[PDB]
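Below: the structure, in structure tokens.
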Amino acid sequence: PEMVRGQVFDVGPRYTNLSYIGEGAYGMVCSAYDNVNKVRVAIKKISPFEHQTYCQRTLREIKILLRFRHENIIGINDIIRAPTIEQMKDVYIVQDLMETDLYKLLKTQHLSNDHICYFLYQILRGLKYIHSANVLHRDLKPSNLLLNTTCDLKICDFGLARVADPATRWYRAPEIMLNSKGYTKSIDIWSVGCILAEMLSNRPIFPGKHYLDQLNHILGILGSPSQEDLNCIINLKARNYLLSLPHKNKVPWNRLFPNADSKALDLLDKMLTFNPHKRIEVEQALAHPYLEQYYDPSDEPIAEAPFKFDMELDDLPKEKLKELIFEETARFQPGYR
Ligand SMILES: Nc1ncnc2c1ncn2[C@@H]1O[C@H](COP(=O)(O)OP(=O)(O)NP(=O)(O)O)[C@@H](O)[C@H]1O
Ligand SMILES: *[C@@H]1[C@H](C(=O)OC(C)(C)C)C(=O)CC[C@]1(C)C(=O)OCC#C
């Protein structure tokens with residue numbers, strides 16, 4: 001078994017020439033060569049079975065990404081795991097190989113306005129498909145926006161994704177921290193707005209240290225919530241918390257982004273709206289004048305049908321989640337069904 005930084009990558013003989021390329025809180029990702037198809041791939045090793053929440057992430061990512069097929073969404077090419085459930089300790093997810101992610105690119109490079117507009121267009125194009133399947137990604141951030149040499153962008157990391165039905169916190173919408181319930185497609189648009197702001201200045205717009213600090217960052221730029229804003233917070237204890245904060249004036253977007261295109265700041269304003277019911281929707285954002293050079297509805301496909309898991313996962317024990325992961329990956333085993 002090939003080894004990478006002291007870690008077993010048990011993916012041969014088909015996949016060889018492994019090279020470390022990144023890592024998140026759950027998976028180690030390596031580049032590799034697929035000797036069967038004669039193509040470069042990425043391989044994510046995850047080891048989730050001792051944790052119920054990690055098992056949920058693994059099953060959600062596998063189920064959603066095998067059902068999605070879109071240019072701006074990473075696909076799963078193959079899944080490697082042991083032939084028996086008792087031997088199964090790691091899962092390897094094989095994906096198309098991307099060259100970097102937006103987090104790493106922003107560390108090294110200031111983006112031009114054409115770059116920002118193009119990246120923002122691809123994010124929203126992929127998000128249009130996700131939302132059209134009635135799915136929430138729920139964890140959009142620069143590190144899960146993959147990029148290749150030709151500037152193509154793919155969204156990845158669907159372990160928190162959920163059917164819509166009303167690590168880092170810097171991109172979490174305010175209602176996640178205040179309501180803990182009733183999440184809509186609106187939460188992804190907030191994340192995209194945070195990403196846009198970071199592309200405009202190469203710094204995160206709301207880099208809070210904890211939920212309390214996070215809310216103070218957001219309010220220190222948006223200003224204290226309006227009465228209509230307050231009425232959309234359902235948890236009254238959370239409303240009382242907001243009402244206990246000192247008044248804060250809104251900071252004009254062109255104070256934060258003085259050289260930014262005014263059309264980008266108009267869209268940004270509509271994405272980073274406190275009230276999720278007033279926040280711009282993905283199709284309206286695609287149609288905003290900022291993206292006029294790219295917007296092409298006939299070339300922005302949607303899902304044939306809304307997605308559904310066919311079972312609630314939140315309450316299942318991890319040993320049951322393990323059996324579901326085994327079942328869901330059987331289609332990549334020789335001799336399946
Ligand atoms: N298909 C891929 N091609 C190239 N690099 C990739 C690919 N998938 C992931 N990466 C890199 O590996 C990192 C970790 O992947 P990710 O899927 O976010 O792992 P995770 O641990 O399951 N979740 P998280 O903690 O949210 O990052 C990414 O941020 C990328 O830099
Ligand atoms: C795209 C690249 C790019 O995708 O970065 C990596 C590191 C993946 C090669 C850039 O960020 C700069 C050049 C380019 C082509 C770009 O942004 O131009 C398109 C336009 C307008």
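Each ligand, and each atom within it, is numbered from 1 in the order the structure gives. This chain uses plain numbering: 1 for the first residue, then up along the sequence. Side chains included, hydrogens not; waters and symmetry mates left out as well; all remaining heavy atoms used.
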Run the numbers for me: atoms of ligand 1, each under 4.0 Å from some heavy atom of [X], listed by number.
X    : value
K141 : 26 (O)
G24  : 14 (C), 21 (O), 25 (O), 27 (O)
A42  : 1 (N), 2 (C), 3 (N)
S143 : 28 (C), 29 (O)
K104 : 31 (O)
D96  : 1 (N), 2 (C), 3 (N)
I21  : 4 (C), 5 (N)

Got a sec, which residues hit side chain to side chain donor-acceptor pair (under 3.5 Å) with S298, two or more places apart in sequence or on another chain?
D296

According to ring pair (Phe, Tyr, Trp, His ring centres under 6.0 Å), who are the partners of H217, at least two apart in sequence or on a separate chain?
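So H217 forms no ring pair (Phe, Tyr, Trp, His ring centres under 6.0 Å) with any residue.
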
Show me a pair-per-line table, with atom names and distances to 0.1 Å, of protein N or O atoms that are under 3.5 Å from an N or O of ligand 2.
unit_1, atom_1, unit_2, atom_2, d
ligand 2, 4 (O), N148, O, 3.1

Would one find an N or O of [X], backbone or side chain, under 3.5 Å from an N or O of ligand 1?
X   : answer
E61 : no
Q95 : yes
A25 : yes
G27 : yes
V29 : no
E99 : no

Answer yes or no on whether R60 is positioned over the face of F309, meaning its NZ or CZ is under 6.0 Å from the six-membered ring centre and within 45° of the axis.
yes

Measure from NZ or CZ of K322 to the centre of the six-membered ring of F49, then state whether that distance is under 6.0 Å and the direction lies within 45° of the axis.
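Yes, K322 lies over the aromatic ring of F49.
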
Linking I/L/V/M/F/W/Y whenever their side-chain heavy atoms sit closer than 4.5 Å, directly or via other members, would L102 and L267 fall into one cluster?
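They do share one cluster, since a chain of ILVMFWY contacts under 4.5 Å joins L102 to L267.
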
Using the rule that two of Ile, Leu, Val, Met, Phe, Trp, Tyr join whenever any of their side-chain heavy atoms come within less than 4.5 Å, decide whether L313 and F307 are in one cluster.
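Hydrophobic grouping puts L313 with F307.
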
Taking salt bridge (charged side-chain N to carboxylate O under 4.0 Å, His left out) as the definition, give me every residue that meets it alongside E71, ordered by chain and number, with sequence neighbours left out.
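Partners of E71 by the salt bridge (charged side-chain N to carboxylate O under 4.0 Å, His left out) criterion, ordered by chain and then number, come out as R125.
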
Counting heavy atoms under 4.0 Å, the part of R57 that contacts ligand 1 is side chain

Would you say the side-chain atoms of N179 pair up with the backbone N or O of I234, donor to acceptor, closer than 3.5 Å?
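Pair found, side chain donor or acceptor close to backbone of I234.
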
Output yes when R279 and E175 qualify as a salt bridge under the 4.0 Å nitrogen-oxygen rule, no when they do not.
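Yes, this pair counts.
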
